[PDB]
Each structure stands twice: as structure tokens, then as C-alpha cells.
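Since the structure comes first, as C-alpha cells, the remarks are kept for the end.
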Amino acid sequence: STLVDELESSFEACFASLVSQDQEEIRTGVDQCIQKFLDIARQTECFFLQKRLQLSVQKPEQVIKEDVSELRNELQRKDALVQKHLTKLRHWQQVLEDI
Amino acid sequence: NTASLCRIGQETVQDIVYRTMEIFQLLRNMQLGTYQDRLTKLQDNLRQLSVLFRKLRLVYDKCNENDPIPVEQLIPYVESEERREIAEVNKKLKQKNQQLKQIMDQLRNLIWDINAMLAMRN
Amino acid sequence: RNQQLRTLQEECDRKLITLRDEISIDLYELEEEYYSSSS
Amino acid sequence: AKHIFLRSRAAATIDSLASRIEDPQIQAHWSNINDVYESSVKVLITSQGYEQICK
Amino acid sequence: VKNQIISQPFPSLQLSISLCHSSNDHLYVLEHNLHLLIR
């Protein structure tokens, strides 16, 4: 709940080392902001691991929608290059009759 | 569909994280007319950072608009016509992969012909 | 007649070098196009 | 002749690897400059999704 | 035999070299290189 907020709370803490108005505070300040910030980020991954595994197992259709979505986008980019390749194939035609 | 939105949210979180390291990488290059270009660059970078912040807030609301069902249903315990389209196009894309495979094999024969040309050209 | 034909020899060598390089670029482009698909 | 035949045999092995095993992915690349006897080729068998990590 | 060098380098490989005397399947790279070898 509100996990962006404590995530973005550590954002301005990352500016605490940067903005203000003997080195040991700096090494700590740039550390514990970041280590909690990677803490606050990796759990969102596991939260996202939770949320789309929920969508993975509660319904099988959003799995196969995105499976079609990745292959169609592969289907275009496959077709995107082959007649590009063919037009390119037409390119070394006249490049080679120059002699 | 909503799983794609959760993937988009994850990738935008990665986008902000990469944005953070690229800001720290860019700002560390300057210490004390070359100064104007770096500050204009960082101003554009923080403008795009603010745009990315607001768009991740938008997609965070978009992914959080729909969740009732909680976690711990997710652990895998041991105890319609779109599928026809998937089954028919899987072997078509495999056949396309093989059709380009013979073509690139012919090009392999061509490049094994051409590498011996410069090998004993002199 | 020796250097006159050697100039054409080197011109054709440069032409085949450019064709080989351009071709090889096309081959690698096709390869990474196939790798762009999930295969 | 042995060099050409051995390159063809290596190509046959890598084509058997490609056709038989498409699971992680297969990549074969060859040096654009070659010797008359010895060559140098690059073979890559890396997983489908996260190749940039497993270096 | 008369113009036929039948060679068996490997136990599972054999090749024929022929003086095709027309008196008027094949690989060209070997003899094309051999011209430069004798040159």
C-alpha cells in the first residue's frame, strides 16, 4: 500500500547528499538511501512478480494475449526485414554490373 | 492486457532507476563555455525525468485501478479459436526460419568461397 | 601494358572488397533479424 | 582440401546443433579475414531472454 | 591410369583429379589457386 510514496520518499533522501545550504556522513548518506532504495525497488519487482503471476494463474487469456502480442510484433519485424532484405537484395544488383 | 500494463509499470520503474544512474553518471563528469552545454543537457535530462515521473504515476494509477484478489493464491501447489491461430502460425514461423536457414546456408557457401579468394590473392 | 592492367586489377580488387564488406553487412543484418525473432 | 573439408564438417556439426537444438538460441559468426590453413570462429549458445546478464 | 589421379586421403574420403582433354560436382578454387601457384 502506497509503496510508491515511501519509494519516492527515498528519492529526496538521495538529494539530501546533494542539496543543502567529515566524509563519513557522505559515505553513509549515499549508502543507506541507495541500499534502502534498492530495497524499496526489488520488492516492487516481487510485488510485480505477485501481480502478474496473479494475472498469469487467475486467467490464462492475458498470458496468450501477450503471447500473441510478442509474436505478432515478431511477425511484423520478421516481415519488416525480409522485403527490406529483398529491396536491399535489389541494391547489390546494379552495384555489381558496374564493370 | 492488464498483465501487459504491469509489465509496462515494471519497465518504467526500470526506466526511472536507469534514469537515476544516468543522472549520477552525467553529473559526475563536471566539477567546477563548455559549462553551458552540460547544464542545458542536464536541464533536458531533468525535464524528461519529470515527464517520466508523471507518466509512471499515471500508469501506476492505471495498474492500481483493478486489486481485490490478494496474494498467496499464487504459489503453485501440486494438489478459444486464438489457440488455433497460435498452433497454425507456430509452424509457419518455424518454416520461415528454415526457409531463411537454407538461404543463409547458401550465403555461408558463398562466404567460404570468398574467404579463399583473398587467402591466395597474392 | 603492365601497370595499365594492374590499375584495373587494383580497381577490381577495391570493388570486390567493397562488395564483400557490404554483403557481409547484409548477412550479419539478416542474422540479427532472425535473432530478433524468438526462434 | 583438408581445410575446406574440416570447415565443412564443422559447419555440419553446427548445423546439426542449430536444427536439433533451438532451445536457448544458436549463434555462429566467422572472421571476415582468414588464413589458408587456420580460421577463427565464434560460437554462442545463450539463453532466450536474459543474455545480457550471463556474460 | 592415364589422366586420373584417384586419391584416398581419409578412410572415408576420396577425390579424383582429371586431365579433361576434350581435344576440341567440381570445385574451381583449387585449380584457380594452382594457376597462381605456378605463376
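Identifiers for the C-alpha cells are assigned positionally: chains receive A, B, ... in sequence, residues are indexed from 1 per chain, and ligands are indexed from 1 in the order shown.
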With a cut-off of 9 Å and counting only C-alpha atoms, select all residues of chain C in contact with chain D and give the selection as number ranges by chain.
C: 21, 24, 28, 31, 35, 38-39
What does the file look like for those residues with C-alpha atoms, as a short mmCIF file (atom, residue, chain, number, x, y, z; two decimals), in the first residue's frame?
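For reference, part_12.cif as written:
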```cif
data_model
loop_
_atom_site.label_atom_id
_atom_site.label_comp_id
_atom_site.auth_asym_id
_atom_site.auth_seq_id
_atom_site.Cartn_x
_atom_site.Cartn_y
_atom_site.Cartn_z
CA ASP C 21 32.11 -5.80 -46.95
CA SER C 24 28.85 -9.37 -45.11
CA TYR C 28 25.00 -10.04 -40.35
CA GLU C 31 21.37 -12.94 -38.96
CA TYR C 35 17.76 -13.42 -33.89
CA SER C 38 12.24 -15.54 -30.74
CA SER C 39 13.34 -18.52 -32.92
#
```
Would you give me, as a ChimeraX atom specification, the residues of chain E that come within 10 Å of chain B, using only C-alpha atoms?
/E:27-30,32-34,36-37
Save out the residues we just selected, C-alpha atoms, as a CSV table (one decimal), in the first residue's frame.
```csv
chain,number,residue,atom,x,y,z
E,27,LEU,CA,35.4,-27.2,-57.2
E,28,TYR,CA,37.1,-24.4,-59.1
E,29,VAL,CA,39.1,-22.8,-56.3
E,30,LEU,CA,41.8,-25.4,-56.3
E,32,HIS,CA,42.3,-21.3,-59.9
E,33,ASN,CA,44.7,-21.1,-57.0
E,34,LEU,CA,47.1,-23.6,-58.7
E,36,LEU,CA,48.7,-18.6,-59.2
E,37,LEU,CA,50.9,-21.2,-57.6
```
Please find the residues of chain A near chain C - the criterion being any atom within 10 Å, counting only C-alpha atoms - and write them as a compact mmCIF listing (two decimals) with C-alpha atoms, in the first residue's frame.
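Everything below was put into iface33.txt:
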```
# COMPACT_ATOMS: atom_id res chain seq x y z
CA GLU A 70 5.03 -10.69 -28.76
CA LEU A 71 4.85 -12.94 -31.83
CA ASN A 73 5.40 -7.86 -33.08
CA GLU A 74 7.88 -10.54 -34.08
CA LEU A 75 5.71 -11.31 -37.14
CA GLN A 76 5.98 -7.75 -38.39
CA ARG A 77 9.69 -7.33 -37.61
CA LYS A 78 10.31 -10.64 -39.38
CA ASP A 79 8.40 -9.32 -42.38
CA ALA A 80 9.83 -5.87 -41.79
CA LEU A 81 13.29 -7.04 -42.74
CA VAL A 82 12.74 -9.73 -45.41
CA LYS A 84 13.67 -4.83 -46.75
CA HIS A 85 16.28 -7.51 -47.36
CA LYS A 88 18.39 -4.43 -50.30
CA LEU A 89 18.88 -7.58 -52.37
CA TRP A 92 23.69 -5.00 -55.00
CA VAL A 95 26.31 -2.29 -57.63
CA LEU A 96 27.70 -5.40 -59.33
CA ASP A 98 29.30 -1.55 -62.77
CA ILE A 99 32.13 -3.40 -64.51
```
Chain E contacts on chain D, only C-alpha atoms, 12 Å, as a compact mmCIF listing (two decimals) with C-alpha atoms, in the first residue's frame:
```txt
# COMPACT_ATOMS: atom_id res chain seq x y z
CA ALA D 1 41.33 -29.74 -49.28
CA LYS D 2 41.56 -30.88 -45.65
CA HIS D 3 40.99 -27.29 -44.50
CA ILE D 4 37.89 -26.93 -46.69
CA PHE D 5 36.57 -30.36 -45.68
CA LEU D 6 37.15 -29.68 -41.98
CA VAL D 36 44.69 -20.51 -45.85
```
List as a Markdown table every residue of chain A that is in contact with chain B, defined as an atom at most 7 Å from one of its atoms (using only C-alpha atoms), together with the nearest atom pair and the distance in Å rounded to one decimal, sorted by chain and then rising number.
```
| residue | atom | partner | partner_atom | distance |
| --- | --- | --- | --- | --- |
| A:45 | CA | B:10 | CA | 6.9 |
| A:48 | CA | B:6 | CA | 6.7 |
| A:50 | CA | B:71 | CA | 6.7 |
| A:52 | CA | B:3 | CA | 5.3 |
| A:53 | CA | B:74 | CA | 6.5 |
| A:54 | CA | B:74 | CA | 5.9 |
| A:55 | CA | B:3 | CA | 6.0 |
| A:62 | CA | B:1 | CA | 5.5 |
| A:65 | CA | B:1 | CA | 6.9 |
| A:66 | CA | B:4 | CA | 6.8 |
```
Expected answer as a PDB file with N, CA and C atoms, in the first residue's frame: chain D residues within 10 Å of chain B, only C-alpha atoms:
```
ATOM      1  N   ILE D   4      39.249 -27.138 -46.205  1.00  0.00           N
ATOM      2  CA  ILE D   4      37.888 -26.926 -46.693  1.00  0.00           C
ATOM      3  C   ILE D   4      36.951 -28.005 -46.157  1.00  0.00           C
ATOM      4  N   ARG D   7      36.330 -27.418 -42.421  1.00  0.00           N
ATOM      5  CA  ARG D   7      35.379 -26.326 -42.244  1.00  0.00           C
ATOM      6  C   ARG D   7      33.962 -26.771 -42.581  1.00  0.00           C
ATOM      7  N   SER D   8      33.812 -27.588 -43.628  1.00  0.00           N
ATOM      8  CA  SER D   8      32.500 -28.130 -43.967  1.00  0.00           C
ATOM      9  C   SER D   8      31.989 -29.068 -42.878  1.00  0.00           C
ATOM     10  N   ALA D  11      30.857 -26.971 -40.042  1.00  0.00           N
ATOM     11  CA  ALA D  11      29.566 -26.421 -40.435  1.00  0.00           C
ATOM     12  C   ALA D  11      28.456 -27.452 -40.292  1.00  0.00           C
ATOM     13  N   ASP D  15      25.364 -27.048 -37.846  1.00  0.00           N
ATOM     14  CA  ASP D  15      24.023 -27.098 -38.414  1.00  0.00           C
ATOM     15  C   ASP D  15      23.182 -28.165 -37.732  1.00  0.00           C
ATOM     16  N   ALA D  18      22.198 -26.492 -34.590  1.00  0.00           N
ATOM     17  CA  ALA D  18      21.161 -25.489 -34.803  1.00  0.00           C
ATOM     18  C   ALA D  18      19.801 -26.132 -35.034  1.00  0.00           C
ATOM     19  N   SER D  19      19.737 -27.127 -35.922  1.00  0.00           N
ATOM     20  CA  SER D  19      18.459 -27.757 -36.240  1.00  0.00           C
ATOM     21  C   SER D  19      17.949 -28.605 -35.082  1.00  0.00           C
ATOM     22  N   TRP D  30      31.723 -15.748 -38.105  1.00  0.00           N
ATOM     23  CA  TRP D  30      33.004 -16.087 -38.700  1.00  0.00           C
ATOM     24  C   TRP D  30      33.827 -14.827 -38.912  1.00  0.00           C
ATOM     25  N   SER D  31      35.146 -14.980 -38.820  1.00  0.00           N
ATOM     26  CA  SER D  31      36.051 -13.871 -39.076  1.00  0.00           C
ATOM     27  C   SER D  31      36.020 -13.486 -40.550  1.00  0.00           C
ATOM     28  N   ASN D  32      35.927 -12.182 -40.810  1.00  0.00           N
ATOM     29  CA  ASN D  32      35.912 -11.683 -42.178  1.00  0.00           C
ATOM     30  C   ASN D  32      37.269 -11.787 -42.861  1.00  0.00           C
ATOM     31  N   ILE D  33      38.349 -11.945 -42.098  1.00  0.00           N
ATOM     32  CA  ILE D  33      39.687 -12.154 -42.635  1.00  0.00           C
ATOM     33  C   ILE D  33      40.168 -13.515 -42.160  1.00  0.00           C
ATOM     34  N   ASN D  34      40.701 -14.314 -43.085  1.00  0.00           N
ATOM     35  CA  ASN D  34      41.003 -15.708 -42.809  1.00  0.00           C
ATOM     36  C   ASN D  34      42.359 -16.076 -43.393  1.00  0.00           C
ATOM     37  N   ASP D  35      42.959 -17.115 -42.820  1.00  0.00           N
ATOM     38  CA  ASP D  35      44.183 -17.716 -43.330  1.00  0.00           C
ATOM     39  C   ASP D  35      43.847 -18.911 -44.219  1.00  0.00           C
ATOM     40  N   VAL D  36      44.855 -19.364 -44.968  1.00  0.00           N
ATOM     41  CA  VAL D  36      44.695 -20.513 -45.851  1.00  0.00           C
ATOM     42  C   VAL D  36      44.518 -21.821 -45.087  1.00  0.00           C
ATOM     43  N   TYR D  37      45.070 -21.934 -43.879  1.00  0.00           N
ATOM     44  CA  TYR D  37      45.005 -23.177 -43.117  1.00  0.00           C
ATOM     45  C   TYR D  37      44.140 -23.085 -41.871  1.00  0.00           C
TER      46      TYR D  37
END
```
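Computed from the coordinates, the CA of residue 64 (chain A) to CA of residue 49 (chain A) distance equals 17.7 Å.
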Distance CA of residue 92 (chain B)-CA of residue 86 (chain A), one decimal place?
19.5 Å
